[PDB]
Amino acid sequence: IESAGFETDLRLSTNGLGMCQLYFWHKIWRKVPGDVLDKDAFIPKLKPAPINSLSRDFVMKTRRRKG
Amino acid sequence: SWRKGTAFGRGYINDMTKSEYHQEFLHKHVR
Amino acid sequence: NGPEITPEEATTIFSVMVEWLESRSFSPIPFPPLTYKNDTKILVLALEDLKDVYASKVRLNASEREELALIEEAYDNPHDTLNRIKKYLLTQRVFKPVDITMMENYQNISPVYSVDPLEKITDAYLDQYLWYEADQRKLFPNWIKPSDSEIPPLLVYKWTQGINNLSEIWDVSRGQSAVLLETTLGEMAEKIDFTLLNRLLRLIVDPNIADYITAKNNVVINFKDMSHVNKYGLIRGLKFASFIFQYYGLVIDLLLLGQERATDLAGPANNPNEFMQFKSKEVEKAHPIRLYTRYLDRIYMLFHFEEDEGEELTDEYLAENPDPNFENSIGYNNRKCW
Amino acid sequence: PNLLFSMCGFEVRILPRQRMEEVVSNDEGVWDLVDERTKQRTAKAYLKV
Amino acid sequence: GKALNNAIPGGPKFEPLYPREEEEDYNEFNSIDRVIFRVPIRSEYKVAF
Amino acid sequence: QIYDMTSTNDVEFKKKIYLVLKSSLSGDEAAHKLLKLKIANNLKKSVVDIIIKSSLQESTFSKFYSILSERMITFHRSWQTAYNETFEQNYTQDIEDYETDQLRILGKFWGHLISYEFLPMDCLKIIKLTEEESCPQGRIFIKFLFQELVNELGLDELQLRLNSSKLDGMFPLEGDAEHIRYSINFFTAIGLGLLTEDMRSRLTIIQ
Amino acid sequence: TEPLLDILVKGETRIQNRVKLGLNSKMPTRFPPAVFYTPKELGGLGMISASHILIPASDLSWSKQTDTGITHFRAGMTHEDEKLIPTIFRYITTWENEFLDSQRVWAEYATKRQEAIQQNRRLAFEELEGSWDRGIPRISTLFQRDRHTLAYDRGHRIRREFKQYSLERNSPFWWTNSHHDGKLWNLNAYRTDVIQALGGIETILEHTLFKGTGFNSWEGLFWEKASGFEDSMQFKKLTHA
Amino acid sequence: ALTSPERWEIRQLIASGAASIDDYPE
Amino acid sequence: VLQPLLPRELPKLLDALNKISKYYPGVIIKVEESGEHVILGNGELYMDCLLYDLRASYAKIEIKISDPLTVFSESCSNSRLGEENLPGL
Amino acid sequence: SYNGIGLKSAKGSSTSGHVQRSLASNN
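This report concerns the structure included in the present document. (Residues numbered from 1 in each chain as written, not as in the entry; some residues may be left out. Chains lettered and ligands numbered in written order. Part of a larger assembly, values for the part shown. Heavy atoms only, no water. Residues with missing side-chain atoms left out of burial classes, pairs and counts.)

1. With respect to the overall build of chain C
Argument step 1. In terms of helices and strands, chain C carries twelve helices and eight strands.
Argument step 2. Residue burial in chain C is summarised as follows: out of 338 residues, 48% are buried.
Argument step 3. For chain C, the share of sequence-separated contacts (at least 6 apart) that also reach a separation of at least 24 residues comes to 74%.
Argument step 4. If the 35 positive side-chain charges of chain C are averaged to one point and the 53 negative ones to another, these points end up 8 Å apart. (Helix = DSSP H or I, 4+ residues; strand = E, 2+ residues; numbered from the N terminus. Buried < 20%, exposed > 50% of the residue type's maximum accessible area, 1.4 Å probe, protein only. Contact = heavy atoms within 4.5 Å. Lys, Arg positive; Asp, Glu negative; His and termini not counted. Charge placed at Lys NZ, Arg CZ, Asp CG, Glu CD.)

In structure tokens, the structure reads:
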């Protein structure tokens, strides 16, 4: 989710020296730092949320895609 | 209850100045 | 096609104003008396009002000079002129034409009438006199307000503070709702119909003066070649055209409210309220209507509802305009700023 | 939550402070509505032209 | 850079080329309720891919 | 090396500030321009004072100066300190030089920093209530300050903020029953006097 | 309001552009803002400029939704070397205030009237003086000259409108009668701030010929009034051309 | 009764909203 | 995510979507109850190579594309009962 | 990095088109 612009940010910031590749083999996963349900969670509205609740966010969003 | 109180108890015309558009228009601008 | 009102509507309206006024216990205005104690003052006012147009000017055209003359003499010979007037109202029913010129706003246009100086002087005197006697006797209630005491932004202010500081609107505990209307009266003058006027003025003013007015509207109106009698609408350029207009809108209002609710807002003649007041909170709560405020054309209304009443309305409306489409949110309109 | 309207030139919005839920200091385009009796600011009004 | 009306920071600026962007329906698809703001999307992305 | 009589360069500076203050719609724009200058930690005191003196030319309080202050603090703390200092300055030393008007601008003006926590609250405590030493000026100053801060918090949230404040020079519970008459009485005079209760109980307790 | 600020910047630029083409030029170096902003006395147009500013520009896309709050500024108008210029909005007290001040002031006056009644005295004019300019009806009115007359004026607002209909020219402030309302704003201070903010009299005149008239002494100069020719020539039958 | 000046001052006070009904002349 | 710019064009899009699934093997495609379509792919460049080949070759219609999102998943870390909607089971 | 802040172009808009970050509002 964080990798969006990434490869440019690199390729620019170093003035042409440098390169990057991203990929998924080991199929690793990781817990997302939030508490998967909170009615008291903070949601920023147009800012990257606070990491104390990331997951609550993602749930209440994706669910707002489906319903 | 309340709603009863009040006193009132229950195309294309070939022309211009008689048109519906034109009368809208003149009803805006010249005002 | 004949006049639009139909006699039916006419009679209902007239009776309305009547029960209002009797209920309001109102004394009509008298003809300006020959022996008047304040009189010269009032004439000072009106004449300064005309004078002011010409204060700034450096070149005076023909009609102008004609005017300034007529004024200056009117200062000089106050008893003369006052006699001249009281004559004119008692009698003259036919008048010179009037002249339209449109002025540009680069978007809209507006008509600018022009009367003829004698006719002006009378008017302005009578205008002044009316407002004085009326406000003296409290004809127009609280809620009619392009009024004296409040410059417009201040009106906005007191209107919010009214909205708020009335009891309870912010409790959404249940389904409770509240709704504002913003409206125009569309054509309002341009449908004013004289024979109905001349009656409605027989109510509030001596049959003379009234006659002077109603007869004061029918004129020729000359733009360049085009000219036509004014048989029907109301000419706003008339110095007193204000007054009438407010008056006539009151009639509209006594409908939109209906008798009682108005009698809430005014309270007794003895204790007319200020702009937003009542006696008990119930007086607010005896009805869904809480605030009603009308500024020239635009009408502003504030309804306080609970799911019961509100859903009974949406029961009526829906019942008669069913939309399984659920598309009633298409043409519906709110602000593009916010 | 809002209530809207417009008079003379002004475009007003009204927020009662209850359902603001996140309150802040605002610069001067904002009137504060005050309960007649209790003397609090129970709603902010915003203005525009 | 031109054709999208964007500007590489050190770049030459030009005219819109598809000037009317202002037409828009009020339409739920890309709305805020339903989107995640995590990384901002600077221009150079938009010129890079 | 010179024994220096006058700072004229620093009156130049004084201008440029006041000027930047008098351009600018809004308030959150002035904040910017100032912060754009990159003033040195020396002067980040005096700059503040300039602002406040302009505020006192100004015929009435204005949200502008307040939102300017706030958006300046949340940028960095050095401004924070600079303010708290200036509060010490004004209240203690410099009240003596102000007319009963300009306290109307202040009282509120600190009201908005203190209601919303940019001050923070307890830095008040420095202020004391005594016939011993208080200026009738200072009396009025504080008076206003509450009749503003109240009108936001509404005397209840303020019940909290006080109850966790531990303001003493203002509120002894432990002595000066006389000065408890002066305190509590004086908050009957301001009129609020509904956060004065426990002290009233104490009055009843000493005897 | 964004778009209004937008219009300000445009409009004002357009006017200055008028005076400019009035000669022949848009060149910016010829017209430093001294030229347009020095008060009439020093020989400038004295135009009161609130274009300048910096104009909050934030990311329209979302500002069609959230109200994202200001993140950036866009330079409204410019300079070459900058200085800055004070803008009107800063010299005019906002409504909320003046309503509040009014409220208090008229309270004070309620009391002092009750005393001066109780003591059967007539007012000090001082007891009232500090508040002379405050208040929405602007205490001053109480003591205006012709009051005994103006009691009998009524409905001045309406008239101040319907004048729309009854005559050609505007009188752009309809919404007030300086008789009934007092007078709702003052400026002057502006003059002073614009004067100095341009760099003070001594720089401003470096732009003029004022060292070519040989006067070494400044403030003693009043200009003069080209009053005479117009009275003499205007009235006389000059060709329309 | 109030007199020409006196009606005027009271009127301005009422205009502010100051006057309660109590104090009007009549 | 995806949506066609004009609703009336939905079919043409589908006729291309099936194509893409063939020509690019790794991709994985979905619909919802929404009518939105979802395009799951290896990497950013890969999505670029698609969306170009979506617009300028197979379907011709312009479309609206979401901000880059990701997948998620559901795990857990530690009386207990359940029921039918018509209590027979 | 023109990020959507700013103008379509300063050709008609009488400004210079200059856009600067706002120091004030960050948190």
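2. A look at a nonpolar patch on the surface
Argument step 1. On the surface, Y21(B), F25(B), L26(B), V30(B) and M102(C) cluster together into a nonpolar patch covering about 450 Å² of accessible area.
Argument step 2. No other element matches the three residues that helix 1 (residues 20-28) of chain B contributes to the nonpolar patch.
Argument step 3. You can see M102(C) is positioned in strand 2 (residues 101-104).
Argument step 4. Accessibility expressed as a relative area gives 33% for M102(C), which makes it partly exposed. (Patch = residues over 30% accessible without salt bridge, like charges linked within 9 Å, V, L, I, M, F, W, Y side chains within 5 Å. Areas by Shrake-Rupley, 256 points an atom, 1.4 Å probe, with all protein chains shown as cover. Salt bridge = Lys/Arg side-chain N within 4 Å of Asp/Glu carboxyl O.)

3. With respect to the nonpolar core
Argument step 1. Ranked by size, the top nonpolar core spans 85 residues in total, and within it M17(C), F140(C), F243(C), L254(C) and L257(C) carry the most contacts.
Argument step 2. Counting residues per element, this core draws most heavily on helix 9 (residues 241-257) of chain C, which supplies eleven residues.
Argument step 3. The contact partners of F243(C), leaving out residues within four places of it in the chain, are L130(C), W131(C), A134(C), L139(C) and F140(C).
Argument step 4. Of all hydrophobic cores here, the second largest spans 66 residues; its members include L34(F), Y83(F), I142(F) and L149(F). (Core = buried A, V, L, I, M, F, W, Y, C linked by side-chain atoms within 4.5 Å.)

4. Remarks on the sheet that holds strand 5 (residues 220-223) of chain C
Residue and element names in this part refer to chain C.
Argument step 1. Spatially, the three strands line up as an open sheet ordered 1-5-6, and their pairing is mixed. The sheet terminates laterally at strand 1 (98-99) and strand 6 (226-229), the two strands that pair on one side only.
Argument step 2. As defined by bridge partners, strand 5 adjoins strand 6 across four bridges and the pair is classed as antiparallel. Each bridged residue has a counterpart across the sheet, and for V220 the counterpart in strand 6 is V229. (Pairing = 2+ DSSP bridges.)

5. A few points about helix 7 (residues 189-197) of chain G
Argument step 1. The set of residues buried in helix 7 of chain G consists of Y190(G), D193(G), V194(G), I195(G) and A197(G).
Argument step 2. Next to the buried residues of helix 7 of chain G lie helix 1 (9-22) of chain F together with helix 2 (33-37) and helix 8 (200-204) of chain G.
Argument step 3. Looking at the residues trailing helix 7 of chain G, positive phi occurs at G199(G), about 110°.

6. Focus on the interface of chain G and chain C
Argument step 1. Counting residues at the interface gives 29 residues for chain G and 39 residues for chain C.
Argument step 2. Of all the secondary-structure elements, those providing two or more residues to the side of chain G that touches chain C are helix 4 (95-118), helix 5 (147-150) and helix 6 (156-166) of chain G.
Argument step 3. Sort the elements by how many residues they give to the side of chain G that touches chain C and helix 6 of chain G lands first, with ten residues.
Argument step 4. The residue makeup of the side of chain G that touches chain C, split by class, is twelve nonpolar, seven polar and ten charged. (Nonpolar A, V, L, I, M, F, W, Y, C, P; charged D, E, K, R; others polar.)

7. Brief notes about the interface of chain D and chain G
Argument step 1. Contact with chain D, which involves six residues of that partner, is made by seven residues of chain G.
Argument step 2. Both faces combined, the contact of chain D with chain G buries some 590 Å², and carbon together with sulfur accounts for 53% of it.
Argument step 3. Its largest share of buried area at the contact with chain G, chain D owes to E28(D), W31(D) and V49(D), together 68% of the area lost on that side.
Argument step 4. Inspection of the region where chain D meets chain G yields one salt bridge.
Argument step 5. Across the salt bridge formed by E28(D) and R90(G), the nearest N and O atoms sit 3.9 Å from each other.
Argument step 6. Taken together, chain D and chain G are joined by one residue pair in polar contact.
Argument step 7. Within the side of chain D that touches chain G, the residues separate by chemical class into three nonpolar, no polar and three charged. (Buried area = accessible area lost by both parts, 1.4 Å probe. Polar contact = N/O pair within 3.5 Å; in protein donor to acceptor, adjacent residues only side chain to side chain.)

8. Things to note about helix 6 (residues 152-165) of chain C
Three- or four-residue spacings in an α-helix give side chains the same orientation, since the helix completes a turn every 3.6 residues.
Argument step 1. Compared with the 20 Å implied by 1.5 Å per residue over 14 residues, the 20 Å span of helix 6 of chain C between its first and last C-alpha is a close match.
Argument step 2. Counted residue by residue, helix 6 of chain C has 13 buried out of 14 residues, so it is predominantly covered. (Expected span 1.5 Å × (residues − 1).)

9. Observations regarding empty space enclosed by the protein
Argument step 1. Looking at the largest cavity, its volume works out to about 110 Å³.
Argument step 2. For the lining of the largest cavity, the elements supplying multiple residues, two or more each, are helix 6 of chain C together with helix 6 of chain G.
Argument step 3. It is helix 6 of chain G that provides the largest number of residues to the lining of the largest cavity, a total of three residues.
Argument step 4. Of the residues assigned to the lining of the largest cavity, the class counts are six nonpolar, one polar and five charged. (1 Å grid on protein atoms, 1.4 Å probe; cavity = no way out; pocket = protein on both sides within 12 Å on 5 of 7 lines; lining within 4 Å. Points joined across faces, edges and corners; volume = space filled by probe spheres on them.)

10. Section: the pattern of salt bridges
Argument step 1. One pass over the structure, following the stated rule, counts 43 salt bridges over all chains.
Argument step 2. When the shortest N-O distance is used, the salt bridge between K8(J) and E22(E) registers 3.6 Å. One end of the pair, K8(J), is in the segment before strand 1 (19-21); the other, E22(E), is in the segment before helix 1 (43-48), on a second chain.
Argument step 3. The closest approach of N and O atoms between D181(G) and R157(G), which form a salt bridge, is 3.1 Å. With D181(G) in the loop between helix 6 and helix 7 and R157(G) in helix 6, this pair connects stretches of sequence that are 24 residues apart.
Argument step 4. You can call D181(G) buried: its relative accessible area is 6%.
Argument step 5. Shared partners join several salt bridges into a network, and the residues in it are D32(D), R41(D), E148(F) and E152(F).

11. Considering a negative patch on the surface
Residues and elements named next belong to chain C.
Argument step 1. A grouping of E306, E307, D308, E309, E311 and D315 is seen on the molecular surface, where their side chains present a negatively charged patch.
Argument step 2. Residue position: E309 is located in helix 12 (residues 307-320).
Argument step 3. Look at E309 and you get partly exposed, because its relative accessible area is 33%.

12. Details of the sheet that holds strand 1 of chain J
Argument step 1. Taken together, three strands build an open sheet; the order of strands is 1(G)-2(G)-1(J) and the sheet is antiparallel. Whereas interior strands pair on both sides, the edge strands pair on one side only; in this sheet they are strand 1 (54-56) of chain G together with strand 1 of chain J. Ignoring which end each strand starts from, the neighbouring axes of this sheet average 35° apart. (Axes fitted to C-alpha atoms, helices over the stretch in contact; angles between N-to-C directions.)

13. Describing the packing of helix 5 (residues 117-137) of chain C against helix 8 (residues 207-217) of chain C
All names here are of chain C.
Argument step 1. Running from N to C, helix 5 and helix 8 point in directions that differ by 130°, and their axes come no closer than 13 Å. Classified by the interaxial angle, the pair formed by helix 5 and helix 8 is oblique. Relative to helix 8, the crossing made by helix 5 is left-handed. Of helix 8, the residues touching helix 5 (which contributes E119, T122, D123 and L126) are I209, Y212 and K216.
Argument step 2. The class makeup of the residues in the contact of helix 5 with helix 8 is three nonpolar, one polar and three charged. (Parallel < 35°, antiparallel > 145°, perpendicular 65-115°, else oblique. Left-handed = near helix turned anticlockwise from the far one by under 90°.)

14. Overview of the pairing of strand 2 (residues 10-16) of chain D
All names here are of chain D.
Argument step 1. Of all seven residues in strand 2, seven are buried, a share of seventy percent or more.
Argument step 2. Of the two faces of strand 2, both are covered, the one formed by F10, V12, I14 and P16 as well as the one formed by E11, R13 and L15.
Argument step 3. With five bridges connecting them, strand 1 (residues 3-7) and strand 2 associate as antiparallel partners. Paired with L3 across the two strands is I14, which belongs to strand 2.
Argument step 4. Hairpin connection from strand 1 to strand 2: two residues lie between these consecutive antiparallel strands, with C8 at a positive phi of about 45°.
Argument step 5. The pairing of strand 2 with strand 4 (residues 41-48) spans six bridges and is classified as antiparallel. The residue of strand 4 that forms the bridge with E11 is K48.

15. Let's talk about unusual backbone geometry
All names here are of chain F.
Argument step 1. Even without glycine at this site, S26 takes up a positive phi of about 65°.
Argument step 2. Relative to the assigned elements, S26 resides in the loop between helix 1 and helix 2 (28-37).
Argument step 3. Its relative accessible area of 26% is what places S26 among the partly exposed residues.

16. Here's the deal with the side chain of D193(G)
Argument step 1. Considering the arrangement of structural elements, one finds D193(G) in helix 7.
Argument step 2. Polar side-chain contacts of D193(G) include one of 3.0 Å to the side chain of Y18(F).
Argument step 3. Beyond its immediate chain neighbours, meaning those up to four positions away, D193(G) contacts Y18(F), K22(F), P86(G) and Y91(G).

17. Thoughts on the side chain of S78(F)
Residue and element names in this part refer to chain F.
Argument step 1. Mapped onto the secondary structure, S78 falls in helix 5 (residues 77-93).
Argument step 2. Among the residues examined, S78 registers a relative accessible area of 13% and is labelled buried.
Argument step 3. Within the structure, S78 has its side chain in polar contact with the side chain of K44 (distance 2.5 Å).
Argument step 4. Ignoring anything within four residues of it in the chain, the contact list for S78 reads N41 and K44.

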